[PDB]
Amino acid sequence: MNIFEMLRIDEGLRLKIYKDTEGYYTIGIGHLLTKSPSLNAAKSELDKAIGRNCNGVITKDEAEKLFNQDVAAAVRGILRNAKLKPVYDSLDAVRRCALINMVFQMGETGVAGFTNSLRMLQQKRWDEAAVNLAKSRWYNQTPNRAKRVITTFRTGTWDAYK
Ligand SMILES: [Cl-]
Ligand SMILES: [Cl-]
Ligand SMILES: [K+]
Ligand code: NA
């Protein structure tokens, strides 16, 4: 298991524009297009992202390309963030994937606001961190996914994805 396989499980793969769990137009493997309620705006974002007139439809290779870019952007985001980078650097390879997963889903700024959870993770207080992480809108809105990510943080294993 690796970050690509992990996020592929959590995000799915859909080749037509669809609405994510927040009601936002998305495509591929969790590629957020826009928060605009306009499908035309989402179609314009898609064509810009792919570099052709897609009419709301892409290929798997195109989906995978956006996914590679988006995973990299999540990791870049962490490394450039003053609150996330020290936690990331303190973690093992498996728990780093849990943090990347959270940033992929909710963005750099949003995960950086989990100040108390991040401190617990830095302190390697894994059970305490797991408890704190669940006291969140994130957990309540996407509980099965949050439970998987939280188990990854608690254990440093892939048991929730195996
Ligand atoms: Cl709560
Ligand atoms: Cl869920
Ligand atoms: K297609
Ligand atoms: Na999704």
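Residues numbered from 1 in each chain as written, not as in the entry; some residues may be left out. Chains lettered and ligands numbered in written order. Heavy atoms only, no water.

Regarding how it was determined, this PDB entry cites X-ray crystallography in its header, along with a resolution of 1.19 Å.

Asker: Can you help me understand the environment of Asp47 in this one?
Answerer: Structurally, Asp47 is set in helix 2 (residues 39-50). Those residues in contact with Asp47, other than ones at most four positions away along the chain, are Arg52, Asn53, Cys54 and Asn55. (Helix = DSSP H or I, 4+ residues; strand = E, 2+ residues; numbered from the N terminus. Contact = heavy atoms within 4.5 Å.)

Asker: What is the right way to look at the packing of helix 1 (residues 3-11) against helix 3 (residues 60-80) in this model?
Answerer: Each packed pair of helices is defined by two parameters, the angle between the axes and the distance between the axes. Packing of helix 1 against helix 3 leaves a shortest axis separation of 11 Å and a crossing angle of 110°. By the criterion of interaxial angle, the relationship of helix 1 to helix 3 is roughly perpendicular. You can see that helix 1 and helix 3 cross each other, and the crossing is right-handed. In contact with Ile3, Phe4, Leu7 and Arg8 of helix 1, helix 3 contributes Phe67, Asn68 and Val71. Classifying every residue of the contact of helix 1 with helix 3 gives five nonpolar, one polar and one charged. (Axes fitted to C-alpha atoms, helices over the stretch in contact; angles between N-to-C directions. Parallel < 35°, antiparallel > 145°, perpendicular 65-115°, else oblique. Left-handed = near helix turned anticlockwise from the far one by under 90°. Nonpolar A, V, L, I, M, F, W, Y, C, P; charged D, E, K, R; others polar.)

Asker: Any chance you could explain the pattern of salt bridges here in plain terms?
Answerer: Counting across every chain of the model gives eight salt bridges. In this structure, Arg145 engages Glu11 in a salt bridge whose closest nitrogen and oxygen atoms are separated by 2.8 Å. Here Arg145, found in helix 10 (residues 143-155), pairs with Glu11, found in helix 1; they are 134 residues apart in sequence, far enough to count as distant. Among the ionic pairs, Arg137 bridges to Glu22, the shortest N-O distance being 2.7 Å. Residue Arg137 is located in helix 9 (residues 137-141), and its partner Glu22 is located in the loop between strand 1 (14-19) and strand 2 (25-28); the two are separated by 115 residues in the primary sequence. Residue classification places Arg137 among the exposed positions, given a relative accessible area of 52%. Here the residues in one salt-bridge network are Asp10, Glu11, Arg145 and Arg148, joined through shared partners. (Salt bridge = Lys/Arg side-chain N within 4 Å of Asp/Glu carboxyl O. Buried < 20%, exposed > 50% of the residue type's maximum accessible area, 1.4 Å probe, protein only.)

Asker: Before we go on, may I ask you to explain the packing of aromatic side chains in this structure?
Answerer: For any pair of aromatic rings, the description rests on two quantities: the centre-to-centre distance and the angle between the ring planes. For the structure shown, the criterion picks out four aromatic pairs. Here the aromatic rings of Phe114 and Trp138 are separated by 6.2 Å at their centres, their planes lie at 80°, and the arrangement is edge-to-face. Separated by 24 residues along the polypeptide, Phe114 in the loop between helix 6 (108-112) and helix 7 (115-122) and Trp138 in helix 9 bring together distant segments of the chain. Note on accessibility: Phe114 and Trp138 belong to one class, buried. With centroids separated by 6.1 Å and ring planes inclined at 80°, the aromatic side chains of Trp158 and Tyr161 adopt a geometry described as edge-to-face. A residue is classified by how much of its surface remains accessible, and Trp158, at 9% relative accessible area, is buried. Of the aromatic side chains, those joined through ring pairs into one cluster are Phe4, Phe67 and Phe104. (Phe/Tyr/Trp six-rings, centres within 6.5 Å; stacked < 30°, edge-to-face > 60°.)

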